[PDB]
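In: Sequence first, structure after, both from an experimental entry:
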Amino acid sequence: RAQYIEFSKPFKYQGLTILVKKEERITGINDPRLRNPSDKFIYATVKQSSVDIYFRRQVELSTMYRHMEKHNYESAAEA
Amino acid sequence: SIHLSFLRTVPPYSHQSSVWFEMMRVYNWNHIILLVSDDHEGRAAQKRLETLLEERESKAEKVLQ
Amino acid sequence: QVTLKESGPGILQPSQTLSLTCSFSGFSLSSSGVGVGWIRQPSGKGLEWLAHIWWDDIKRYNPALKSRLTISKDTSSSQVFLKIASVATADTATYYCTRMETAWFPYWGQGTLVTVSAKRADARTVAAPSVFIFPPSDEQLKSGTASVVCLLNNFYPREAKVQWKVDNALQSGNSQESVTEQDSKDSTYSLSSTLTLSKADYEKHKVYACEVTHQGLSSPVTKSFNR
Amino acid sequence: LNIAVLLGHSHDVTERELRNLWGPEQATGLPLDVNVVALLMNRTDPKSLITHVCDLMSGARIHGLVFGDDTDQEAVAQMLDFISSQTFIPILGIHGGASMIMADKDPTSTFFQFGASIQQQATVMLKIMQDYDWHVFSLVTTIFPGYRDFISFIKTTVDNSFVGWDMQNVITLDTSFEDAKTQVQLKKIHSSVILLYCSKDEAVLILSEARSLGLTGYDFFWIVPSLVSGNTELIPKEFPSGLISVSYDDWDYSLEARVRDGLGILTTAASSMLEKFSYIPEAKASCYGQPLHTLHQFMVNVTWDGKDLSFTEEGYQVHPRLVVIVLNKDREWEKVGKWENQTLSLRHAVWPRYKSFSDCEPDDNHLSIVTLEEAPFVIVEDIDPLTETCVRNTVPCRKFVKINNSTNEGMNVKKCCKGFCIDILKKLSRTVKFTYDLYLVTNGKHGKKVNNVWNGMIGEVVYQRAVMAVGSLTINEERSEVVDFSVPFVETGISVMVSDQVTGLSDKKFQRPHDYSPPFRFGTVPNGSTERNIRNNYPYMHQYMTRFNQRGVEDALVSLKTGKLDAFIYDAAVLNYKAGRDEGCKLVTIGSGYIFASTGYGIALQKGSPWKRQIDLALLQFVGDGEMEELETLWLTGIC
Amino acid sequence: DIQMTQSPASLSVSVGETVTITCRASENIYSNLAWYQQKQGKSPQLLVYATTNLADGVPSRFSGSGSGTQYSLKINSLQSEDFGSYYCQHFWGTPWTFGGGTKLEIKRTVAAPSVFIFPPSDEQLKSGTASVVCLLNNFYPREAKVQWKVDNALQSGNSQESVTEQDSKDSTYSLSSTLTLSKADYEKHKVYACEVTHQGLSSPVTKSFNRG
């Protein structure tokens, strides 16, 4: 994003986590249960969102980047 | 090294050592002994001998003066 | 205490390398703070900052003078030797090496005189002073205040402290040393003066004089005043 | 006895001042035939030297003919070796062709040269390279004598040195190059250090080829041995400014500086071994037709003026007084130091940047980084003294710690350190590929606009002309208005870590400390960002922290481990780093650092600098590639 | 570079009045400005550094203030020991450019310019040159516009105007414009005038003389 336009002083210093409904536990994304999911193990994802760019920029989650194309939504409210 | 342009038509000690090494590999003479008493040229002779022995995937036992 | 002393060749030909030296004692140049920095000030213009070196022995020259400006120091002899090549008449300035720290007050030194010119103080003819007297007439000060001044022209050594009538009329209202010499085009200078004396003095057996004591080439020329 | 100082150098120096040198140089009445002479070989050819030798041999059997020149020539060395082998005279090589070191000398020859040998030159150049942390070298030899021994010594030095050394392919210049089979070899050379073991003309040709094929850059540092710079009066123009020339002598150690030493050594050996051979000056009659107790191999232990001038089996000064100089801008050898018999006495320990070696070098990519002593950041340590070197992971920081307060001498020791900022600058120099000049100078603390008093690294980075600084401190007002910080890689803010019932800083115990929370030691480090933030937010809290100001970070940690310190207010990253190594997990961070200040760590850059965009892109790539979790797991090691 | 535009040197302030050295700035806004004072022949002594604190040996009347681009030097009590040129050197940016120079003087002097032109004597004519010197004295306004009109022609590019140091007794100035000519050029012209345009002199005084 820094190639086309620039940014300003960050106002909301936050991170990136996963929403669970508490395998019930997810213990992050480094676990092999969700790192390489199946056709029936796809969680919620938003197309053309920050999570999509984070999965695209990742170098070891390329196999999961293609799996997220099944549950792509138009907004976060649907997810 | 010390002589830039110095050639000859006589086999030096290096060529003699090479011929000896060539005759050794015919009869499988790997573990040999070197009784060279000379120092000045004997050092270069034994160096060439041990280098050729290492190149033959082997190692001699007596290559010292 | 903190003392400074500037040394270097006073008279040197252009297109050469100077031998400036900033000698000092009491402090150092790599003592976590106080260092040294060369500052020059040409005649008739403001000061100029060329370059300076910090405590960690780092060099940083000026972008406009990034062809010959090379600053160097030494911690063993506590000396600052500056090398400036391809000099000219425009580089003639009084170089200073003062403090460039954020302390209470920066300390300054006396300074040395650096006159860059091809001519010498002992030249054949362009260094000797040429006394040009001005005889008064009856068309300018025939009724006003009279004045007389010996004009010095075509002289290289500007250090010419002419004393009007030493021990006789030195305190008669003269400004010889006050009037700065005008740098001419041919590597020479030209100075003047003024004297406040009544016109009646020229007739009442009172003839003034001008003893040019030029210490540049030891020329004790003397010219009388007449009409 | 007779001292035939046959000066065959090109300079026409007055030889009359050499006859009166017998007085101060051990004027003893034991030598009878003191026939001191001095010639001047004008024609540079072996025939003139042979004729001069044959004429001097007829002069009542002149013995001990010391010879010396100004330019190192391979012909003069071989001629003097043949003379010393045939006539068997103890010649003393001073300079020029008389000091050209060969590969294998004759055992019966008494050729005693002055200077350093090839192994000593290799040792001192390895010391110089390891003092500047330069391990990427490229060795280039030639056909001149002294290449196989040189590469053997280099390989031996690389083996015992277990600190890492890039051993690139060795380029051989035994045959003449035609710019068709050597340009491809020179193009593959990417190392900074370029070991050029060649002659003068060969070095000039190599420099010309590098300038014509685009091989000369701001990172290539050429190093030449004493064989190249074997003179102090002829300097080519192809050599750029900055050529490290390790010569065994210079203008300070001229011919006359060694003539007296050689005469003293000769007369001392004569006076010592005169009781064995009565008629020492016994040579051949002439050049037509014409070791038991002589003075041939009995002058290899004379210590003149304390200098260790002992000779080896071939004959060479074991501990010479060599001076290491470099090339200045105006084609002159600028002195930077020397080498003593004990260790390397490098006078100019600070290696200059040399952004423009030659005249046509407009590229200026030399930067400088300043860092200080911080507890949560890289810990200031010392260099490993087992080998006087360190590893590539520990970047050598140029320290500036003084010995005493009244003393002005600053120890510029090259100590290496490792930590967070060290890894940051390493990955920056690996990705952005820039050169930096890191130095750790003893400064103050974080400066602000209090009476316009700027000290520490903050005061240094406030002014312009400073490239950057690895120290990424908390974001503030003046530090953001003066200079433009980069993107904050961390989100840790200012919080409070009480050493349970409190709710952070929003608790009512701080507004009214009379009833609850009586006034205790609540101050932070002197002249810190937290003090300014509190003074801007809470004046009474700032006054309380000022009247209850504590000591430094280490004393604060000691008080926290003891229990006397109630609360410690600082950045969340510092609190996490402190809690990561607690002695029992006693103090706990009450509330994270995202509801009080929510600051970050920004790299101290320069206002309007072209490197700002590059640093921002590097940071966004480092925290935008998926290694943030790896960095958090590596740096933050909190087990409790 | 930071363009420092100091106040002109023609700023005369009498004893007792306040001095406001208006040394403006450029687009590069800074925060620290170190003031200096260079006397006649002496070295520039720093009076107020960073415009916030005083140095050792500096009186308390020298007060500095101002932010942004307008920085002034408030002088409460102007005394005789405050003589010298003032400069505003900044150590903020990389180029440490100096100021123009603030020359403070007393604006109390009533004199009349002593216009007296002196023709060259016969001694200088023997060499081959003829330098006419129209000597001026007893004038406080330094802005003297001397117009050499030789044979009804304004001369330019050959006037050697040399300003002298101001005296402390009468507080006036002196000017000696040298008409650099030669013997051949002197023999061609006949009348040589010296018309100096001075503030005190209402009518331009034109002193002329005839050769022989």
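Out: Alright, I've got the coordinates. Residues are numbered from 1 along each chain as shown, chains lettered A, B, ... in the order given.

In: Contact partners for the closest residue to chain A within chain E?
Out: Per CB to the nearest CB, the residue of chain E with the smallest distance to chain A is residue E:29, at 19.9 Å. Just so you know, the C-beta spots here come from the backbone N, C-alpha and C atoms, and that holds for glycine as well. Listed by CB atoms under 8 Å, 6 or more residues apart in numbering or on different chains, the contact partners of residue E:29 are E:68-69.

In: what's the distance between it and residue D:381?
Out: Per CB to CB, to the nearest Å, residue E:29 is found 41 Å from residue D:381.

In: same check, this time on residue D:465
Out: 29 Å.

In: Comparing the two, which residue is more hemmed in?
Out: Between residue D:465 and residue D:381, counted using other CB atoms under 10 Å in any protein chain shown, residue D:381 has the larger neighbour count: 14 against 10.

In: Need the phi and psi values for residue D:205.
Out: Main-chain dihedrals, residue D:205, degrees, to the nearest 10: phi -70, psi -40.

In: burial count for it?
Out: Count around residue D:205 with other CB under 10 Å applied: 16.

In: Within the helices and strands, which one has the residue of chain E closest to chain A?
Out: Assessed by DSSP states H and E, residue E:29 sits outside every helix and strand.

In: Residue nearest the middle of chain E, spatially speaking?
Out: residue E:142 (6.4 Å; CA atoms, centre = their mean).

In: Next one: that one from chain C, what distance?
Out: Taking CB to the nearest CB, to the nearest Å as the measure, residue E:142 falls 14 Å from chain C.

In: Skipping adjacent residues, who's closest to that residue in space?
Out: residue E:173 (5.6 Å; CB to CB, 6 or more residues apart in numbering or on different chains).

In: Quick check: beta-bridge partners of that neighbour?
Out: Judged by DSSP bridges, the bridge partners of residue E:173 are residue E:139.

In: Name the single longest helix found in chain A.
Out: Using DSSP state H to define each element, chain A has its longest helix at helix A:50-57.

In: Would you mind pulling the contact partners of it?
Out: A:16, A:45-46, A:61, A:64-65, A:68, D:624-626.

In: Which neighbouring elements make contact with the helix or strand just after that helix?
Out: Sequence order places helix A:62-67 as the next helix or strand after helix A:50-57, per DSSP H and E. Judged by 3 or more CB pairs under 8 Å, 6 or more residues apart in numbering or on different chains; DSSP states H and E, helix A:62-67 is in contact with helix A:50-57.

In: repeat that with 10 Å
Out: helix A:32-35, strand A:45-46, helix A:50-57 (3 or more CB pairs under 10 Å, 6 or more residues apart in numbering or on different chains; DSSP states H and E).

In: for those, which one ends up most surrounded?
Out: Most buried of the helices and strands packed on helix A:62-67 by mean neighbour count (mean count of other CB atoms under 10 Å in any protein chain shown) is strand A:45-46; its value is a mean of 19.

In: Now do that strand: distance to the chain's middle.
Out: Distance of strand A:45-46 from its chain centroid, counting by CA atoms, centre = their mean, to the nearest Å, is 7 Å.

In: Also stretch D:539-546?
Out: Put simply, stretch D:539-546 sits 49 Å off its chain's centre (CA atoms, centre = their mean).
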